[PDB]
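Listed below, chain by chain, are the residues.
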Amino acid sequence: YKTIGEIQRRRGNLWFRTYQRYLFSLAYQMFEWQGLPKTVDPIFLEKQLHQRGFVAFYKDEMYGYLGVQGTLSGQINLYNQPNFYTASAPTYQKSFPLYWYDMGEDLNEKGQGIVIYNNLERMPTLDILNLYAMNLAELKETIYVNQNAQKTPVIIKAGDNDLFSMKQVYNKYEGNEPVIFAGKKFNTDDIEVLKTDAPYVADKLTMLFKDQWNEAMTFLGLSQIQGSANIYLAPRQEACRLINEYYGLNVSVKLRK
Amino acid sequence: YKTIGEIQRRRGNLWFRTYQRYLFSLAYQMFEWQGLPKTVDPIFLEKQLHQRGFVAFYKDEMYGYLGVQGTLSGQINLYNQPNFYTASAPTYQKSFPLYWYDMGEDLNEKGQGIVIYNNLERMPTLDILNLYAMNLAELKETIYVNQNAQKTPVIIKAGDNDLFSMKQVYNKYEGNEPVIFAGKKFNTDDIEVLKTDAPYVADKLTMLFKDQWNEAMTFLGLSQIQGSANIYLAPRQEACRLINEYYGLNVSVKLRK
Amino acid sequence: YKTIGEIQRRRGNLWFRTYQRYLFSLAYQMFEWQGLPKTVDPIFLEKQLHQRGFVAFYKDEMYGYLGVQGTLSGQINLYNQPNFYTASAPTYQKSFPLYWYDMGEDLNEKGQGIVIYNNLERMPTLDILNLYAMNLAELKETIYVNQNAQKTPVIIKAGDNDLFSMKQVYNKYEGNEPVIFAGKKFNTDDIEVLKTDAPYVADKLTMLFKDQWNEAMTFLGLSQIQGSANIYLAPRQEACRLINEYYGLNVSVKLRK
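cryo-EM is the method the PDB entry lists for this structure, together with a resolution of 3.2 Å.

Dropping the structure here:
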């Protein structure tokens with residue numbers, strides 16, 4: 001129902017959100033988990049990973065496995081690995097130690113948790129998309145600005161003359177003769193022309209749009225230049241292995257195709 | 001959630017970090033170790049190698065194998081090879097001699113360590129990436145600067161005239177006639193035009209981006225010009241051989257694919 | 001962690017070292033020796049050859065085979081071949097005669113040594129790399145200088161006008177009309193434009209980079225124009241033959257692939 005005027009006013013800030021909500025979603029569903037307990041929502045895991053970079057996996061006695069969010073600690077190991085994970089959720093404030101490698105059978109109080117990383121550098125994925133979206137929107141705006149410039153390549157300066165008379169000849173102009181300004185109506189001694197031309201480049205500002213889209217796909221992992229999703233895949237597999245070690249759960253991870 | 005204005009302000013310093021954290025991670029996981037003891041974290045080894053260039057491998061009595069960092073010595077061999085390795089970690093300050101070749105059975109007190117090199121020149125890998133990242137970011141900024149220049153190819157100088165009247169004709173301009181400035185409203189005797197054109201080259205500043213990315217891949221070893229990862233592979237294999245010689249451990253190294 | 005500003009200041013002197021330490025290493029490991037005694041380090045041999053051009057091979061009674069460095073003599077043979085080899089190492093100053101061809105069984109006191117050449121002209125390999133590195137770095141700097149020139153193709157001279165007003169119209173410029181400078185605010189009688197254009201050639205300053213890299217590979221032996229590593233291979237084989245003649249050791253040499 002929205003009228004065209006309601007959109008022409010806000011143009012850059014709509015393309016941006018449109019592409020932002022699209023790329024975020026297209027990322028949230030890049031990985032497919034299996035063998036998980038029916039209590040944890042995978043969508044929550046993926047969202048938290050992509051937004052923040054990490055998420056904890058610590059079983060609770062009453063509630064259950066309770067895939068949970070929170071912060072990391074400053075008390076670390078010799079190998080630059082944290083020790084305990086405090087939650088940041090408003091209702092829950094539980095804390096728990098973490099588990100990285102096995103230490104015989106007498107490892108700990110069996111109350112530890114496991115953490116998952118979006119990538120070895122704890123870098124969220126939104127920092128790339130929030131940029132490529134901006135680029136694509138700026139491009140879609142530049143394209144309009146450059147296409148709307150092919151209506152006004154020239155201007156005519158008619159100082160003393162009037163507009164209605166000058167404009168009606170162009171209205172009753174058929175084509176059997178050129179345009180002619182004659183009569184005492186007109187002055188024809190001050191008229192001039194000016195070249196306001198603007199080159200056409202929107203044919204090339206599209207290929208750039210596509211290049212940017214393909215670069216976003218690449219640096220996202222989903223397919224000049226190659227892309228390796230191992231950055232996001234390997235830590236997940238490693239944490240899955242740690243989980244299957246601590247417990248008896250057989251978890252796996254991979255793309256959707 | 002970030003608004004476009006929050007990003008347009010900081011542009012070069014975000015692309016830089018984005019590509020930096022990406023290349024660093026993509027390198028940290030180039031090599032896959034096997035047969036190692038469950039006490040040493042390979043990620044720590046690779047990080048320390050790429051950041052500094054070397055890392056020691058000396059077994060401790062109490063803790064274990066304790067893959068450890070530190071400095072090198074000035075007391076060297078006739079073959080320009082150090083003798084002992086002092087640690088730089090804050091909590092640990094242990095020192096230990098090194099082992100390069102075998103000397104019968106009566107070699108030493110069996111308390112020596114082994115060192116691993118990122119490459120024969122002790123050159124860290126970050127020096128290449130910290131440069132290619134800068135190049136790529138500067139390119140992504142230049143591309144924006146050159147695409148945003150196709151909106152302002154010309155300017156109109158209307159000294160005595162006013163802006164609202166001049167700008168409303170362009171608003172109620174349909175297309176059945178050219179643009180016409182006429183009436184006592186306007187002066188039409190001082191208007192002029194200026195060509196502020198800017199060539200379009202962003203179609204070529206992309207191929208350069210891709211060339212730089214491929215060069216970074218090449219000089220990294222992961223695939224005009226060829227790339228040899230033997231620079232980073234051979235010293236690792238050699239140190240692995242030394243380890244399997246000193247001890248009975250069967251270690252190996254290779255890429256992930 | 002290094003910030004972009006920490007690198008933009010020092011640019012030429014970082015690329016240089018980066019490529020220098022890379023080419024040196026890539027050369028140190030071009031040849032693979034076999035059948036050697038476990039006392040001599042091949043890496044030392046190759047380093048000394050490439051750096052200086054030659055290295056001696058003289059067995060010692062106490063220490064062992066003791067692959068050693070040093071200088072050459074002025075007392076030469078009729079065939080322009082030296083006689084004795086004095087060492088330059090700080091701790092060792094031993095001297096020993098050399099062995100070039102056999103003279104029956106009663107050749108000498110069996111205390112002679114053998115020398116190895118990097119090439120018939122005693123030319124070290126660093127003289128080529130220290131040049132190609134400089135060329136490549138200068139190129140990587142020129143490319144930046146030429147890409148950063150596409151932001152400032154034109155300049156506008158607004159003498160009497162102010163900057164904020166002139167710059168805000170470009171900020172609230174949408175695209176439905178050209179740019180217009182009108183009002184008593186502006187003068188519009190002194191504004192001018194100047195063309196500061198700079199051609200784009202970085203698309204060709206890359207192919208030159210690649211040509212230089214391939215030339216370095218060629219003149220290094222590791223693969224328009226061909227390259228013969230026999231320059232570095234033949235004297236090594238010849239010295240190996242001399243060694244297998246003087247002693248009973250079966251040594252060999254070749255590339256790594």
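**Student:** Which parts of the structure should I look at to understand the overall build of chain A?
**Tutor:** Helix and strand content of chain A: seven helices and nine strands. Judged by the C-alpha coordinates and their principal axes, chain A covers about 110 × 40 × 35 Å. As displayed, chain A has an accessible area near 14,400 Å², and 51% of this comes from carbon and sulfur atoms. Charge separation in chain A, taken as the distance between the mean sites of 28 positive and 27 negative side-chain charges, equals 7 Å.

**Student:** Whenever I open this one, the domain arrangement of chain A confuses me. Can you help?
**Tutor:** Reports of interface size often rely on the accessible area that becomes lost once the parts have come together. Residues and elements named next belong to chain A. Taken domain by domain, chain A consists of domain 1 (6–27 + 125–152 + 198–221), domain 2 (28–124 + 225–257) and domain 3 (153–197). Distance between the C-alpha centres of domain 1 and domain 3: 40 Å. At the junction of the two partners, domain 1 supplies five residues and domain 3 supplies four residues. Each partner contributes to the roughly 300 Å² buried at the junction of domain 1 and domain 3, and carbon and sulfur atoms together form 50% of this total. Its largest share of buried area at the contact with domain 3, domain 1 owes to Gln-150, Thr-152 and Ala-198, together 90% of the area lost on that side. Taken together, the links from domain 1 to domain 3 amount to zero salt bridges. At the junction of domain 1 and domain 3, the tally comes to zero residue pairs in polar contact. Tallied by class, the residues present in the side of domain 1 that touches domain 3 amount to two nonpolar, two polar and one charged.

**Student:** Looking at this structure, I do not really get the relation of the copies chain A and chain C. What am I missing?
**Tutor:** Two chain copies here: they are related by a rotation about an axis and a translation along the same axis. Overlay of chain A on chain C (RMSD 0.0 Å): rotation 60°, translation along the axis 0.0 Å. Accordingly, the operation relating the two chain copies is best matched by a six-fold axis.

**Student:** What exactly am I supposed to notice about unusual backbone geometry here?
**Tutor:** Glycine aside, the phi torsion of most residues is negative, and most peptide linkages are trans. Phi angles above zero are rare outside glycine, and A:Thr188 is one such case at about 60°. Under the relative-accessibility criterion, A:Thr188 is labelled partly exposed at 42%.

**Student:** Hey, could you run me through the sheet that holds strand β8 (residues 179–181) of chain C in this one?
**Tutor:** The strands making up a sheet associate through hydrogen bonds between their backbones, and the pairing can be parallel or antiparallel. The strand order β9(B)-β7(B)-β8(C) describes an open sheet built from three strands, whose pairing is mixed. Every interior strand has two partners, whereas the edge strands, β9 (192–195) of chain B together with β8 of chain C, have only one. Here the average twist between neighbouring strands, direction ignored, is 25°.

**Student:** What should I look at first to understand the interface of chain A and chain C in this one?
**Tutor:** Each partner contributes residues to the interface: chain A has four residues there, and chain C has five residues. Taken together, the two surfaces of chain A and chain C that pack against each other cover about 350 Å², and 45% of this comes from carbon and sulfur. On inspection of chain A and its partner chain C, the count reaches zero salt bridges. For the pair chain A and chain C, the number of links is one residue pair in polar contact. Looking at the side of chain A that touches chain C, its residues break down into two nonpolar, two polar and no charged.

**Student:** Help me understand helix α7 (residues 230–246) of chain C in this model?
**Tutor:** At 3.6 residues per turn, the α-helix brings residues three or four places apart onto the same side. Its 17 residues give α7(C) an end-to-end C-alpha distance of 24 Å, which sits within 8% of 24 Å, the value for a rise of 1.5 Å per residue. Every buried residue of α7(C) is accounted for by C:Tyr232, C:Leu233, C:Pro235, C:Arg236, C:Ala239, C:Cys240, C:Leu242, C:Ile243 and C:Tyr246.

**Student:** For this particular structure, what's the right way to read a positive patch on the surface?
**Tutor:** On the surface, A:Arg9, A:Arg10, A:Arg17 and A:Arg21 cluster together to form a positively charged patch. Along the chain, A:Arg10 falls in the loop between α1 (4–8) and α2 (12–28).

**Student:** Would you take a moment to explain the nonpolar core for this structure?
**Tutor:** Buried together is how nonpolar side chains tend to be arranged in soluble globular proteins. In terms of nonpolar packing, the biggest core is built from 155 residues, with B:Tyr19, B:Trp213, C:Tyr19 and C:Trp213 touching the most fellow members. Dropping the residues within four chain positions of it, B:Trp213 is found in contact with A:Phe219, A:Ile225, A:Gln226, B:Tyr19, B:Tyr22, B:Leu23 and B:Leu136. In terms of nonpolar packing, the next biggest core, distinct from the first, is built from 14 residues, B:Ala158, B:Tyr173, B:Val179 and B:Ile191 among them.

**Student:** Help me understand the packing of helix α4 (residues 126–147) of chain C against helix α6 (residues 205–220) of chain C in this model?
**Tutor:** Packed helix pairs are characterised by how far apart their axes lie and by the angle those axes make with each other. Residue and element names in this part refer to chain C. For the pair α4 and α6, the least separation of the axes is 10 Å and the interaxial angle reads 170°. It follows from the interaxial angle that α4 and α6 lie roughly antiparallel. Taken together, the residues of α6 that come into contact with α4 (itself represented by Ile-128, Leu-129, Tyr-132, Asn-135, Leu-136, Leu-139, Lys-140, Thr-142 and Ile-143) are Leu-205, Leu-208, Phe-209, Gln-212, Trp-213, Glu-215, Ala-216, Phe-219 and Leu-220. When its residues are assigned to classes, the contact of α4 with α6 shows 13 nonpolar, three polar and two charged.

**Student:** Teacher, can you tell me more about the pattern of salt bridges here?
**Tutor:** Enumeration according to the criterion identifies 28 salt bridges over all chains in this entry. The salt bridge partner of B:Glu6 is B:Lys2, with a shortest N-O separation of 3.7 Å. A single network of salt bridges, built from pairs that share partners, joins A:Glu238, A:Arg241 and A:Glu245.

**Student:** I tried to follow the packing of aromatic side chains on my own but got confused; where do I start?
**Tutor:** Working definition: an aromatic ring pair is given by the centre-to-centre distance plus the angle between the planes. As enumerated under the stated definition, the model contains 49 aromatic pairs over all chains in all. Judged by centre distance (6.0 Å) and plane angle (55°), the rings of A:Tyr22 and A:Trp213 are tilted. Of this pair, A:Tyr22 sits in helix α2 while A:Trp213 sits in helix α6 (residues 205–220), placing them 191 residues apart in sequence. Residue A:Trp213 is classed as partly exposed on the basis of its relative accessible area, which comes to 22%. Residues C:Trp15 and C:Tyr19 carry aromatic rings whose centres are separated by 5.8 Å and whose planes lie at 15° to one another, so their mutual orientation is stacked. Residue C:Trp15 and its partner C:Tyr19 are both found in helix α2 (residues 12–28); the two are separated by four residues, about one turn of the helix. Judged by its relative accessible area of 1%, C:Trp15 falls in the buried class.

**Student:** Explain the interface of chain A and chain B to me, please; I cannot follow it from the model alone.
**Tutor:** Contact residues are listed per partner, giving 60 residues for chain A and 57 residues for chain B. Carbon and sulfur atoms make up 64% of the surface buried where chain A meets chain B, a total of about 5,800 Å² over both sides. Ranking the residues of chain A by area buried against chain B places A:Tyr79, A:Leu120 and A:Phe219 at the top, with a combined share of 12%. At the boundary of chain A and chain B, one finds three salt bridges. For A:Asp211, the salt bridge goes to B:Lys210, with nearest N and O atoms at 2.8 Å. For the interface between chain A and chain B, the tally reads 15 residue pairs in polar contact. Elements that contribute at least two residues to the side of chain A that touches chain B include exactly α2, α4 (126–147), β7 (154–157), α5 (163–169), β8 (192–195), α6 and α7 (230–246) of chain A. Element by element, the count of residues in the side of chain A that touches chain B is highest for α4(A), at 13 residues. Taken together, the residues that form the side of chain A that touches chain B break down as 30 nonpolar, 16 polar and 14 charged.

**Student:** How should the sheet that holds strand β8 (residues 179–181) of chain B be read in this particular structure?
**Tutor:** Strand order in the open sheet formed by three strands is β8(A)-β7(A)-β8(B), and the pairing between neighbours is mixed. Only two strands of the sheet have a single neighbouring strand rather than two, namely β8 of chain A together with β8 of chain B. Adjacent strand axes in the sheet meet at a mean angle of 25°, parallel and antiparallel pairs treated alike.

Conventions and cut-offs
Residues numbered from 1 in each chain as written, not as in the entry; some residues may be left out. Chains lettered and ligands numbered in written order. Part of a larger assembly, values for the part shown. Heavy atoms only, no water. Helix = DSSP H or I, 4+ residues; strand = E, 2+ residues; numbered from the N terminus. Areas by Shrake-Rupley, 256 points an atom, 1.4 Å probe, with all protein chains shown as cover. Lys, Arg positive; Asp, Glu negative; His and termini not counted. Charge placed at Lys NZ, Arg CZ, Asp CG, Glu CD. Domains from an automatic or database assignment. Contact = heavy atoms within 4.5 Å. Buried area = accessible area lost by both parts, 1.4 Å probe. Salt bridge = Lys/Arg side-chain N within 4 Å of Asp/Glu carboxyl O. Polar contact = N/O pair within 3.5 Å; in protein donor to acceptor, adjacent residues only side chain to side chain. Nonpolar A, V, L, I, M, F, W, Y, C, P; charged D, E, K, R; others polar. Least-squares fit on C-alpha atoms. Buried < 20%, exposed > 50% of the residue type's maximum accessible area, 1.4 Å probe, protein only. Pairing = 2+ DSSP bridges. Axes fitted to C-alpha atoms, helices over the stretch in contact; angles between N-to-C directions. Expected span 1.5 Å × (residues − 1). Patch = residues over 30% accessible without salt bridge, like charges linked within 9 Å, V, L, I, M, F, W, Y side chains within 5 Å. Core = buried A, V, L, I, M, F, W, Y, C linked by side-chain atoms within 4.5 Å. Parallel < 35°, antiparallel > 145°, perpendicular 65-115°, else oblique. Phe/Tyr/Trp six-rings, centres within 6.5 Å; stacked < 30°, edge-to-face > 60°.

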